[PDB]
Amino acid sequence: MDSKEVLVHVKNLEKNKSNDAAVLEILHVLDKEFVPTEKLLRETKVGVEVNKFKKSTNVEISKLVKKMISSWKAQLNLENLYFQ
């Protein structure tokens, strides 16, 4: 997944926030197809946007967000330690 599509999903998160199933569909695409890089996370702010859903009243959304954010942090650490 490249930066342009990432920014569409980010805007779609805001525009579908009240639709639990729709938010799950956006998060599932990011979980399966988005590869976190320092540049992508800095330029697109998906980390900030997805992390905002940790406080969601939907339990399935909040658990998926926590798993996604954990994975992106761990991958970002590995990139910073050994590749940058």
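From 1 onward, residues are counted along the sequence shown.
- Looking at the C-alpha B-factors along this chain, the one for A21 belongs to the lowest third.
- Among all modelled residues in its chain, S70 ranks in the lowest third by Cα B-factor.
- Sort the chain's modelled residues by C-alpha temperature factor and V59 lands in the middle third, per the entry.
- Per-chain ranking of the deposited C-alpha B factor places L41 in the middle third.
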